[PDB]
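Residue numbers (PDB author numbering), protein chains in the order written: chain A, 100 to 146; chain V, 36 to 453; chain L, 1 to 55; chain H, 1 to 55; chain F, 2 to 52; chain Y, 35 to 480; chain E, 326 to 379; chain X, 13 to 111; chain P, 47 to 75.
All C-beta atoms in this analysis are idealised placements derived from N, C-alpha and C, irrespective of residue type, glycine included.
Note sheet for the following structure.
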Ligand code: HEM
Ligand code: HEM
Ligand code: HEM
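As structure tokens, then:
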């Protein structure tokens with residue numbers, strides 16, 4: 100029924116920090132969010 | 036400590052057991068329900084059960100809801116055909132506030148027109164939610180078919196009365212049925228003197244027996260729903276003994292002999308005689324159990340079956356034949372003893388939890404006045420003889436029967452055929 | 001079929017705004033000054049545009 | 001309570017226009033030229049207004 | 002007014018005060034930078050290289 | 035005139051003793067004549083790989099179906115004859131078999147539990163019958179929307195991790211499972227150090243320990259060929275799974291963020307926060323006047339039939355969030371209000387609602403631990419997870435330490451600017467796209 | 326209507342030059358305008374409510 | 013004394029002239045709207061007809077005949093209890109919100 | 047099995063109770 104479908108692997112798209120499946124995501128969440136928000140901040144400064 | 040029972044001069048019964056537990060549960064049990072509704076005011080009990088949070092003379096709806104939530108308490112209304120129970124549960128420190136709220140709700144309701152009109156839709160919402168399980172509608176129709184009077188009234192408001200319940204009807208029902216002689220204030224974790232003080236404070240007014248409902252009269256009818264559900268729920272019952280009678284205990288033992296509820300998850304109900312008796316005949320998904328309902332005036336006993344629409348007749352016939360075999364005397368002493376053990380264990384497990392103990396004390400207080408210790412109840416169970424079980428089976432077989440069926444009903448037998 | 005005044009989007013907006021707008025029956029002449037302001041604005045816009053052709 | 005973006009009338013129009021407008025997921029960069037035209041119109045209006053202060 | 006003169010509203014006020022102060026700081030910096038207000042920038046190091 | 039603190043002090047204390055093989059025997063003694071004795075095993079779907087997933091459910095299904103000492107009917111006959119109720123529950127992290135029975139029947143109950151745990155027949159014919167039953171039950175469980183949406187939440191949140199697997203398992207595994215796989219599962223996961231024998235009610239700890247030494251002693255914690263299963267931390271992946279089925283009447287959405295483990299101290303403030311958020315169903319009488327702002331708005335606008343907040347905790351990760359059933363056109367509004375409440379707790383929580391949440395949590399803790407069955411369940415689960423049954427007094431102290439500052443801190447750590455995991459079922463078209471959902475997790479004002 | 330007359334008075338003063346008679350009239354008119362809008366009208370409304378047994 | 017000036021204001025205000033009563037002329041804020049929806053149906057229908065007749069009279073710039081004007085004593089404050097209850101409930105909700 | 051058709055509630059929990067009504071192994075079968 101609803102137990103015959105598994106979320107398809109996105110590893111090819113995933114960032115290296117979260118590629119591992121035995122590592123807590125919260126450890127690298129701050130890093131990844133910092134990177135994205137840094138990109139945003141630099142864009143805003145330029146604008 | 037031990038349970039303390041006091042019958043006040045106004046007729047109210049106050050009970051308290053200091054369990055020395057973190058939580059204290061106070062319940063007011065009132066001898067009102069669907070039974071005491073007449074034809075004109077059908078469903079008033081339902082809205083009264085829903086209207087536990089409406090504005091009272093002492094407190095507004097906002098104050099009641101917010102305060103009970105702030106102390107983390109719960110206010111629950113439990114209604115049977117013969118009883119309505121208002122209970123408040125919270126930590127022992129804040130029990131006084133919830134006790135004040137409970138007595139304000141029970142003794143001084145306002146039933147303001149706008150609030151009742153707003154709540155009238157909750158009647159239909161609750162009825163729909165309850166009727167999702169077919170068992171509710173089947174049992175409602177079973178009670179309607181069995182009795183022509185008080186007990187036939189549904190626990191849920193009839194559809195034509197959804198918007199027609201009036202505040203005056205609610206006030207009349209409360210005034211004539213919420214009375215001191217009809218009430219019992221049961222407390223767990225609360226000292227007896229405090230409960231007594233609160234009872235004098237609020238429950239002094241509206242004394243007396245109040246309006247009395249007529250005795251329930253057996254009708255012996257059938258109601259067939261034809262709702263098109265795959266499985267067919269069918270209940271075949273006959274009149275039995277009133278609660279708190281020797282034959283009532285005999286009927287309970289008979290119910291456990293035939294089979295009441297599986298004890299092993301995903302089991303075969305090996306001890307249950309009806310289950311095996313049907314199972315050998317029918318290899319399709321099926322279910323069967325013994326329906327034992329006891330009320331103060333009278334009771335119903337019989338078989339409830341859930342089976343595939345095509346095979347409903349076989350299942351009902353097999354269960355009925357197994358009951359007939361019990362009636363003819365094919366009952367072993369070992370089966371009686373095992374059923375007695377199951378019933379005694381069920382009583383103990385029911386009174387194990389705080390909610391179960393409060394409900395049992397309230398039911399005993401309302402039905403019989405005094406509280407009977409669990410040991411005496413077990414002794415009553417033991418006193419039942421095998422001959423009594425056989426005679427109960429003979430009474431069920433011989434007596435006129437009422438049936439309610441829901442589902443496809445293409446092959447479901449009528450009462451005459453059975 | 002449907003009424004074009006109700007159905008068509010621009011006509012729907014115009015209809016609700018001015019044609020079938022629910023209005024109180026008792027509003028007096030003082031309420032006409034809003035429409036008078038609208039007419040004054042339109043007249044000023046046209047008049048000033050035609051002045052600006054020569055200014 | 002209601003979200004001001006969905007309930008306040010001006011904000012309601014703005015939301016339905018360019019916030020919660022259901023848009024196809026596959027529109028290409030050829031579908032940005034309309035917004036580019038709108039930006040060009042606003043830019044031309046501002047620039048021409050500042051030019052006309054000296055024209 | 003008397004409605005908002007309550008201890009819970011004081012608690013909410015304390016909760017949002019640092020945020021309000023930060024937004025005020027943002028506004029001050031924004032103004033000083035946008036106007037290139039020389040009075041403030043004069044002290045600012047390496048921004049004083051201008052003017 | 036006992037006070038709440040005095041009542042907590044007077045609670046009977048759980049005594050924990052360990053057999054040499056590693057079985058931990060725990061008991062709480064009460065004057066009640068009825069007792070609930072159960073074996074809690076630290077085995078579940080999270081300890082199962084892809085091919086053997088669902089073997090735990092199969093073993094649970096056929097555990098009561100017979101033993102080598104007593105055949106299939108015999109166990110049921112004994113249990114029913116003594117009046118006992120035998121029940122089992124399997125979760126992703128725990129598996130348990132408990133017997134509700136009279137106190138005088140404790141020895142026989144312990145015998146039956148030991149027979150079920152150790153000497154399970156796993157007979158092949160019964161295996162085929164249970165295979166058919168389990169396939170039918172999977173088809174039935176498809177109907178239960180709440181279970182499906184929670185399974186989707188686990189699948190999308192813990193993708194690529196054993197936690198994603200359902201307890202029942204894929205149907206293909208169910209039909210492919212064999213007696214060897216079930217026996218291997220029992221041999222690998224049912225071990226004495228990973229089992230707890232817990233009892234509540236009229237049970238003497240000395241008597242329970244002696245019965246355990248009599249019956250469970252043979253069970254061993256040695257792993258054949260030193261093949262020892264090793265616990266694996268599970269990664270939490272922010273993801274969205276939408277099963278759009280417009281035929282369904284109402285839409286179920288479950289949204290969650292990664293939460294603390296069982297032993298993490300932050301669970302208590304988070305439970306207080308969730309109690310502040312509250313729970314609502316259409317059948318609730320409180321309606322608009324209910325303290326929970328989300329519940330009040332939902333009742334006023336009839337946004338959702340039901341909404342509840344859940345704090346599911348596993349050993350190293352957990353799902354923290356809420357599940358709400360609503361109409362097709364009210365999903366976006368309810369999501370907005372839920373995220374608004376989350377951010378309000380994160381940023382500007384107040385003392386009064388914190389007191390309300392603490393009181394609600396205290397009442398839930400005390401009310402749940404009522405009766406032999408819940409008390410025994412708490413004992414077993416606490417021994418397996420916390421390694422100790424946290425006494426109610428300790429829970430009260432930890433709750434009392436919670437303040438508005440603590441709630442704001444923990445909610446900001448777990449809920450603010452954190453990627454959520456969303457599962458939707460039914461007419462979920464109005465459910466906001468994941469970018470909008472993630473944007474809602476932070477406030478531009480703060 | 327006092328406020329309307331005050332606005333008429335302010336118009337007249339603005340038309341006229343800033344000399345002795347008009348200066349005091351203008352100051353009085355301005356004070357009266359602000360007083361009528363800010364203090365007199367709300368207090369009078371409260372008095373009216375009291376009169377109507379509100 | 014005070015009743016004299018109050019009666020003067022009652023005649024000075026024209027809502028008696030239009031056949032209205034005092035509670036008909038109250039400004040319909042949220043509390044007033046809740047009070048109106050709480051009115052019994054007879055009071056509600058009387059209210060709507062009174063206001064409709066008054067609006068009609070104002071439309072044609074006419075006034076009701078002198079004998080049909082409302083009397084200062086006969087004026088009945090139908091909406092006052094309901095509005096007071098609404099205000100009291102709102103005050104309680106605000107007070108609970110305060111702390 | 048009475049199967050008292052309980053309703054989920056907080057601060058107002060309407061519960062109505064009926065008599066033993068089976069529905070014991072329907073899921074099992
Ligand atoms: C170019 C300027 C304006 C235009 C085109 C305009 C237009 C309108 C129109 C067409 C109406 C419909 C009702 C009516 O006509 O009486 C209206 C109503 C109204 N306007 Fe404006 N108006 C303008 C200036 C103003 C100003 C300066 C104010 C306040 C200082 C104002 C406040 C109002 C108000 C309060 C109403 C409500 C009328 C009612 O209650 O029926 N308007 N306006
Ligand atoms: C809509 C409100 C408008 C108002 C209240 C307004 C008001 C005035 C006034 C008071 C003058 C001076 C008249 C004089 O003393 O000779 C004037 C002149 C002028 N206005 Fe407007 N105007 C409006 C709209 C427009 C628009 C839309 C245009 C567009 C071109 C415009 C173009 C002019 C021009 C070119 C003059 C100078 C020619 C002249 O003074 O005769 N006006 N306007
Ligand atoms: C879609 C909008 C517009 C277009 C396509 C447009 C087009 C043009 C073009 C092609 C020129 C010739 C410039 C040159 O020869 O160097 C021009 C000049 C000019 N336009 Fe526009 N125009 C637009 C809007 C406006 C507006 C809104 C204004 C005033 C409010 C304006 C005022 C002027 C002025 C003052 C000039 C003289 C600039 C010069 O001499 O170089 N224009 N426009």
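Taking the beta strand (DSSP E) that residue i falls in, what are its first and last residues?
| i | result |
| --- | --- |
| residue 59 of chain V | 58–65 |
| residue 74 of chain Y | 68–75 |
| residue 37 of chain V | First-last for residue 37 of chain V: undefined, no H or E at that position. |
| residue 60 of chain P | 59–62 |
| residue 344 of chain Y | 338–347 |
| residue 322 of chain V | 321–329 |
Using a Cβ cut-off of 8 Å, pull out every chain X residue sitting near residue i, in sequence order please.
| i | result |
| --- | --- |
| residue 25 of chain L | 67, 68, 71 |
| residue 377 of chain E | 18, 21, 22, 25, 34 |
Give the residues of chain F in contact with residue i, contact being defined as C-beta atoms less than 7 Å apart.
| i | result |
| --- | --- |
| residue 106 of chain X | 4 |
By Cβ distance below 7 Å, which residues in the same chain neighbour residue i in space, the five residues on each side in sequence not counted?
| i | result |
| --- | --- |
| residue 235 of chain Y | 64, 66, 68, 69, 70, 137, 406 |
| residue 56 of chain V | 224 |
Is the shortest distance between the beta-carbon of residue i and the beta-carbons of chain F less than 7 Å?
| i | result |
| --- | --- |
| residue 480 of chain Y | yes |
Give a yes or no on whether the minimum CB-CB distance between residue i and chain Y is below 7 Å.
| i | result |
| --- | --- |
| residue 54 of chain P | yes |
| residue 58 of chain P | yes |
Below 6 Å CB to CB, which residues in the same chain sit around residue i once its five sequence neighbours on both sides are set aside?
| i | result |
| --- | --- |
| residue 142 of chain A | none |
| residue 113 of chain Y | 120 |
| residue 383 of chain Y | 438, 441, 442 |
| residue 175 of chain V | 189 |
Using the Cα positions of residue i and residue j, report the straight-line distance between them to the nearest angstrom.
| i | j | result |
| --- | --- | --- |
| residue 38 of chain F | residue 32 of chain F | 8 Å |
| residue 90 of chain X | residue 102 of chain X | 20 Å |
| residue 412 of chain Y | residue 159 of chain Y | 36 Å |
| residue 61 of chain P | residue 62 of chain V | 14 Å |
| residue 436 of chain V | residue 429 of chain V | 13 Å |
| residue 422 of chain V | residue 329 of chain V | 20 Å |
| residue 23 of chain L | residue 54 of chain X | 27 Å |
Cβ of residue i less than 7 Å from any chain V Cβ?
| i | result |
| --- | --- |
| residue 50 of chain X | yes |
Starting from residue i, trace the alpha helix (DSSP H) in both directions and tell me its first and last residue.
| i | result |
| --- | --- |
| residue 147 of chain Y | 140–152 |
| residue 139 of chain A | 124–145 |
Does residue i come within less than 7 Å of chain X when only Cβ atoms are used?
| i | result |
| --- | --- |
| residue 7 of chain F | yes |
| residue 101 of chain V | yes |
Beta-carbon within less than 8 Å of residue i's beta-carbon, same chain only, minus the 5 sequence neighbours each way: which residues are those?
| i | result |
| --- | --- |
| residue 118 of chain V | 64, 65, 66, 67, 68, 397, 398, 401 |
For a contact defined as C-beta to C-beta under 9 Å, what are the partners of residue i on chain X?
| i | result |
| --- | --- |
| residue 10 of chain F | 109, 110, 111 |
Would you please verify whether the beta carbon of residue i is less than 7 Å from any beta carbon of chain P?
| i | result |
| --- | --- |
| residue 346 of chain V | no |
Identify the contact partners of residue i in chain A, using a Cβ-Cβ distance below 9 Å as the criterion.
| i | result |
| --- | --- |
| residue 185 of chain Y | 101, 102 |
Determine, using beta carbons only, whether residue i comes closer than 7 Å to chain H.
| i | result |
| --- | --- |
| residue 250 of chain Y | no |
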